[PDB]
């Protein structure tokens, strides 16, 4: 039920805020590339998007819905459980899901749920739209609150190693 974070050892000494600001810049600052919905076509347990500026990519996990041209137009809503940040996006429905070949960091048990009615005002829309427009600030907001609810000493300014020491993060081989 609690937020769980996995991080490449490369990012051991980084704060979550510094890593997220850097990955957002990596992605760069509308469209879509080499990803999509799993299963799709306009709904998935996964929504995956590659940058048009770099190999940077993310996968949003949960029960997600894109309204397309239906009112409210161009809204991503539903349940957002997880965000996986990295590069070299691969796979699809056929491969049994999307994956990052280089998964740098992932956030699980985000517990976000936005209804269709809130349109592009929905937290899920803002969090994911943020990542796509090189602004990770909404995501940081939600992580920061999730960390504080486990342990009020923890923040987006905790290093990954500090969050591992507090039982919410686990390192993966680099």
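Read-outs throughout are calculated quantities, based only on the coordinates presented, and are distinct from any laboratory measurement. Note that each Cβ is placed from the backbone with ideal geometry, even for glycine, and that neighbours are counted across all protein chains shown.
Tabulated data
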quantity	calculated
Hits in segment 33-63 - residues which are closer than 24 Å to residue 116 by Cα and part of a loop (DSSP other than H, G, I, E, B)	35, 40, 41, 42
Residue satisfying all of: in segment 64-81; touching a helix residue (DSSP H, G or I) at 6+ places or on another chain (Cβ under 9 Å) and in a strand (DSSP E or B); surrounded by the most Cβ atoms within 10 Å (Cβ to Cβ) among these	80
Residues satisfying the stated conditions in segment 85-144, i.e. in contact with a strand residue (DSSP E or B) (Cβ under 8 Å, 6 or more places away or on another chain) and part of a loop (DSSP other than H, G, I, E, B)	93, 109, 110, 111, 115, 122
Restricting segment 1-32 to residues that are assigned to a helix (DSSP H, G or I) and in contact with a helix residue (DSSP H, G or I) (Cβ under 8 Å, 6 or more places away or on another chain), the residue that is surrounded by the fewest Cβ atoms within 10 Å (Cβ to Cβ)	17
Those residues of segment 53-87 which are more than 15 Å from the chain's Cα centre (by Cα) and under 28 Å from residue 15 (Cβ atoms), in sequence order	53, 54, 55
Given (1) under 28 Å from residue 55 (Cα atoms); (2) surrounded by 17 or more Cβ atoms within 10 Å (Cβ to Cβ); (3) under 16 Å from the mean Cα position of the chain (by Cα), number of the condition residue 92 does not satisfy	(3)
Extreme residue, nearest to the chain's Cα centre (by Cα), among residues of segment 145-167 that are assigned to a loop (DSSP other than H, G, I, E, B) and under 15 Å from residue 11 (Cα atoms)	156
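So that you can scan it fast, the table gives a plain yes or no per residue for (1) touching a strand residue (DSSP E or B) at 6+ places or on another chain (Cβ under 6 Å); (2) more than 15 Å from residue 107 (Cα to Cα):
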residue	(1), (2)
17	no, no
27	yes, yes
30	no, yes
33	yes, yes
41	no, yes
52	no, yes
60	yes, no
64	yes, yes
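To keep it simple, each residue is scored yes or no on (1) surrounded by fewer than 15 Cβ atoms within 10 Å (Cβ to Cβ); (2) closer than 21 Å to residue 64 by Cα.
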| residue | (1), (2) |
| --- | --- |
| 128 | no, yes |
| 139 | no, yes |
| 157 | yes, no |
| 162 | no, no |
| 169 | no, no |
| 174 | yes, no |
